[PDB]
Amino acid sequence: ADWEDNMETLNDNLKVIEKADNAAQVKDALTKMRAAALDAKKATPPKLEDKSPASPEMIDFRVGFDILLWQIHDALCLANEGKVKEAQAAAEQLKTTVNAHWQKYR
Amino acid sequence: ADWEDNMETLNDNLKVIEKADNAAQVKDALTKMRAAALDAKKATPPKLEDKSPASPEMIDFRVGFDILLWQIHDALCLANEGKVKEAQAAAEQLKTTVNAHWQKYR
Amino acid sequence: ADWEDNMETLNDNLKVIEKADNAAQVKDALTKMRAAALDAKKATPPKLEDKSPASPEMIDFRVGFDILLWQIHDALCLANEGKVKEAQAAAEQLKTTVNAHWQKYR
Ligand SMILES: [Ca+2]
Ligand SMILES: [Ca+2]
Ligand SMILES: [Ca+2]
Ligand SMILES: [Ca+2]
Ligand code: NA
Ligand SMILES: [Zn+2]
Ligand SMILES: [Zn+2]
């Protein structure tokens with residue numbers, strides 16, 4: 001449900017970044033990604049729906065989103081200094097982390 | 001500090017930022033806000049005292065402080081580059097989020 | 001990695017930062033510290049091995065690594081601006097936090 005919609009939002013803004021030209025477009029898209037990742041962090045993903053809220057699996061899930069958030073931050077920092085090409089290359093690796101998380105927990 | 005005291009710290013420093021003259025005052029206030037938001041993640045609002053510490057409700061509460069922390073980060077990054085007016089405008093957005101969290105959990 | 005090996009990594013990279021000659025070296029060390037701290041967030045330290053993963057003590061432990069992560073970020077923000085000496089001074093606060101965490105949780 002809502003976790004899946006957050007995953008899709010992350011992918012949409014990744015495509016937005018991959019087809020961007022100036023630094024402010026990349027920044028806007030990464031900011032939307034950060035918001036979607038934070039919204040997903042509080043969800044219970046489909047694979048873990050049968051586990052206790054107190055399970056170590058859910059803590060690992062949430063810390064994985066913290067890792068994604070610091071990767072988003074690095075891309076955003078590159079974009080905020082006008083390094084558009086480097087920001088887009090960092091976002092290419094974000095595609096991996098985002099969709100690996102998607103595929104791990106769906 | 002308990003949750004209400006940490007929220008008071010957030011609001012006191014939002015006022016300091018609103019009335020600030022230079023970048024050093026804004027940076028000091030935002031650093032205090034960051035410390036308060038992190039400390040608040042260890043607290044429990046009175047209406048959630050009967051919930052499990054990792055219940056979805058308490059996860060939502062802690063991740064709401066993560067959302068605040070990333071908005072604080074944006075404002076502090078602006079203040080660190082001497083962008084005082086942009087940092088104050090971002091702190092005005094911070095007040096909205098702080099108020100919404102206050103209303104949600106008090 | 002387990003908690004102790006992550007603490008080893010944090011201490012090793014604090015030494016690297018202290019002796020570092022340029023911004024690339026400081027950025028690399030701080031990035032490794034960030035990774036070790038995020039990994040340690042999924043661990044259980046020796047003092048809390050008799051506590052539940054979702055106990056209040058373990059939530060407080062994870063928030064302590066969030067605090068460290070934001071201090072790492074401050075030093076990394078300085079290094080990203082080429083302010084090597086200021087970043088090393090900031091890493092003095094990391095040493096205090098890391099040492100206190102070692103003493104509290106070993
Ligand atoms: Ca009060
Ligand atoms: Ca209640
Ligand atoms: Ca060892
Ligand atoms: Ca060693
Ligand atoms: Na070593
Ligand atoms: Zn947690
Ligand atoms: Zn930053």
# chains A, B, ... in the order shown; residues from 1 in each chain; ligands from 1
call {"tool": "residues_near_ligand", "arguments": {"ligand": "ligand 1", "cutoff": "12 Å", "atoms": "only C-alpha atoms and all ligand atoms", "output": "count of residues only"}}
result
13
call {"tool": "closest_atom_pairs", "arguments": {"of": "chain A", "to": "chain C", "cutoff": "12 Å", "atoms": "only C-alpha atoms", "output": "CSV"}}
result
residue,atom,partner,partner_atom,distance
A:52,CA,C:54,CA,10.3
A:53,CA,C:54,CA,8.5
A:54,CA,C:54,CA,5.3
A:55,CA,C:53,CA,7.2
A:56,CA,C:53,CA,6.2
A:57,CA,C:42,CA,9.7
A:58,CA,C:54,CA,9.7
A:59,CA,C:42,CA,6.9
A:60,CA,C:42,CA,6.0
A:61,CA,C:42,CA,9.6
A:62,CA,C:42,CA,9.4
A:63,CA,C:42,CA,6.9
A:64,CA,C:38,CA,8.6
A:65,CA,C:38,CA,10.3
A:66,CA,C:38,CA,7.6
A:67,CA,C:38,CA,6.8
A:68,CA,C:38,CA,10.7
A:69,CA,C:38,CA,11.1
A:70,CA,C:34,CA,8.9
A:71,CA,C:35,CA,10.7
A:73,CA,C:73,CA,10.1
A:74,CA,C:31,CA,10.3
A:77,CA,C:80,CA,9.0
A:78,CA,C:80,CA,9.7
A:80,CA,C:80,CA,11.6
A:81,CA,C:81,CA,9.9
call {"tool": "residues_around", "arguments": {"residues": "residue 75 of chain A", "least_positions_apart": "6", "cutoff": "7 Å", "atoms": "only C-alpha atoms", "output": "NGL selection string"}}
result
:A and (87 or 90-91)
call {"tool": "closest_residue", "arguments": {"among": "C:104, C:79, C:93, C:48", "to": "ligand 7", "atoms": "only C-alpha atoms and all ligand atoms"}}
result
C:79
call {"tool": "select_by_dssp", "arguments": {"residues": "chain B", "states": "helix (DSSP H, G or I)", "output": "MDAnalysis selection string"}}
result
chainID B and resid 3:18 23:40 46:48 56:80 84:105
call {"tool": "write_last_selection", "arguments": {"atoms": "C-alpha atoms", "output": "mmCIF file, in the first residue's frame"}}
result
data_model
loop_
_atom_site.group_PDB
_atom_site.id
_atom_site.type_symbol
_atom_site.label_atom_id
_atom_site.label_comp_id
_atom_site.auth_asym_id
_atom_site.auth_seq_id
_atom_site.Cartn_x
_atom_site.Cartn_y
_atom_site.Cartn_z
ATOM 1 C CA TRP B 3 8.880 15.479 25.249
ATOM 2 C CA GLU B 4 7.071 18.701 26.152
ATOM 3 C CA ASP B 5 10.321 20.331 27.343
ATOM 4 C CA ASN B 6 12.069 19.369 24.110
ATOM 5 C CA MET B 7 9.189 20.876 22.114
ATOM 6 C CA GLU B 8 9.493 24.062 24.173
ATOM 7 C CA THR B 9 13.191 24.167 23.277
ATOM 8 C CA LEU B 10 12.265 23.844 19.607
ATOM 9 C CA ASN B 11 9.798 26.736 19.830
ATOM 10 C CA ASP B 12 12.098 29.005 21.849
ATOM 11 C CA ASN B 13 14.813 28.605 19.261
ATOM 12 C CA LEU B 14 12.403 29.161 16.351
ATOM 13 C CA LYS B 15 11.686 32.540 17.954
ATOM 14 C CA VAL B 16 15.417 33.253 18.336
ATOM 15 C CA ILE B 17 15.871 32.471 14.629
ATOM 16 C CA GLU B 18 12.941 34.677 13.627
ATOM 17 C CA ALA B 23 24.354 33.915 10.939
ATOM 18 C CA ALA B 24 26.022 32.892 14.219
ATOM 19 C CA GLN B 25 22.793 33.393 16.190
ATOM 20 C CA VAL B 26 20.810 31.354 13.645
ATOM 21 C CA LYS B 27 23.404 28.568 13.648
ATOM 22 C CA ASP B 28 23.462 28.380 17.452
ATOM 23 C CA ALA B 29 19.658 28.180 17.608
ATOM 24 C CA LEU B 30 19.479 25.507 14.910
ATOM 25 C CA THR B 31 22.150 23.432 16.668
ATOM 26 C CA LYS B 32 20.063 23.560 19.853
ATOM 27 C CA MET B 33 16.986 22.525 17.841
ATOM 28 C CA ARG B 34 18.844 19.534 16.423
ATOM 29 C CA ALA B 35 19.892 18.405 19.897
ATOM 30 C CA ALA B 36 16.305 18.764 21.171
ATOM 31 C CA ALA B 37 14.828 16.761 18.287
ATOM 32 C CA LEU B 38 17.327 13.948 18.836
ATOM 33 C CA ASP B 39 16.657 13.910 22.580
ATOM 34 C CA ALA B 40 12.912 13.865 21.907
ATOM 35 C CA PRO B 46 1.847 10.910 27.603
ATOM 36 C CA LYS B 47 -0.907 9.614 25.317
ATOM 37 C CA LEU B 48 1.384 6.854 23.955
ATOM 38 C CA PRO B 56 3.700 1.701 14.807
ATOM 39 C CA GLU B 57 2.506 4.737 16.788
ATOM 40 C CA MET B 58 5.874 5.170 18.514
ATOM 41 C CA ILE B 59 7.715 4.564 15.220
ATOM 42 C CA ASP B 60 5.616 7.314 13.637
ATOM 43 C CA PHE B 61 6.545 9.553 16.586
ATOM 44 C CA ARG B 62 10.303 8.918 16.269
ATOM 45 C CA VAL B 63 10.341 9.218 12.469
ATOM 46 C CA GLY B 64 8.484 12.534 12.822
ATOM 47 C CA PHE B 65 11.535 13.777 14.634
ATOM 48 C CA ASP B 66 13.693 12.431 11.792
ATOM 49 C CA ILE B 67 11.610 14.563 9.408
ATOM 50 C CA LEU B 68 12.213 17.577 11.642
ATOM 51 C CA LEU B 69 15.927 16.750 11.772
ATOM 52 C CA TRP B 70 16.282 16.770 7.984
ATOM 53 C CA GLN B 71 14.441 20.107 7.766
ATOM 54 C CA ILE B 72 16.740 21.466 10.519
ATOM 55 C CA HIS B 73 19.676 20.204 8.446
ATOM 56 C CA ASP B 74 18.486 22.196 5.426
ATOM 57 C CA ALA B 75 18.186 25.376 7.486
ATOM 58 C CA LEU B 76 21.561 24.863 9.190
ATOM 59 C CA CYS B 77 23.282 24.221 5.854
ATOM 60 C CA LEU B 78 21.841 27.528 4.640
ATOM 61 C CA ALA B 79 22.988 29.350 7.789
ATOM 62 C CA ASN B 80 26.494 27.848 7.505
ATOM 63 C CA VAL B 84 20.509 33.951 6.811
ATOM 64 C CA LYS B 85 17.264 34.985 5.109
ATOM 65 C CA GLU B 86 16.913 31.583 3.438
ATOM 66 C CA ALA B 87 17.597 29.893 6.782
ATOM 67 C CA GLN B 88 14.922 32.012 8.473
ATOM 68 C CA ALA B 89 12.433 31.228 5.698
ATOM 69 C CA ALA B 90 13.220 27.531 6.176
ATOM 70 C CA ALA B 91 12.688 27.923 9.927
ATOM 71 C CA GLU B 92 9.227 29.293 9.178
ATOM 72 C CA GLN B 93 8.505 25.990 7.423
ATOM 73 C CA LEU B 94 9.989 24.283 10.494
ATOM 74 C CA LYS B 95 7.414 25.966 12.732
ATOM 75 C CA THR B 96 4.597 24.411 10.689
ATOM 76 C CA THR B 97 6.051 20.931 11.095
ATOM 77 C CA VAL B 98 6.745 21.400 14.823
ATOM 78 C CA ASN B 99 3.181 22.619 15.380
ATOM 79 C CA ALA B 100 1.725 19.707 13.430
ATOM 80 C CA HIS B 101 3.726 17.182 15.465
ATOM 81 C CA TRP B 102 2.655 18.934 18.678
ATOM 82 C CA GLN B 103 -1.014 18.772 17.717
ATOM 83 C CA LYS B 104 -0.720 15.139 16.625
ATOM 84 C CA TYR B 105 0.785 13.755 19.849
#
call {"tool": "atom_distance", "arguments": {"atom1": "atom CA of residue 22 of chain B", "atom2": "atom CA of residue 83 of chain B"}}
result
9.6 Å
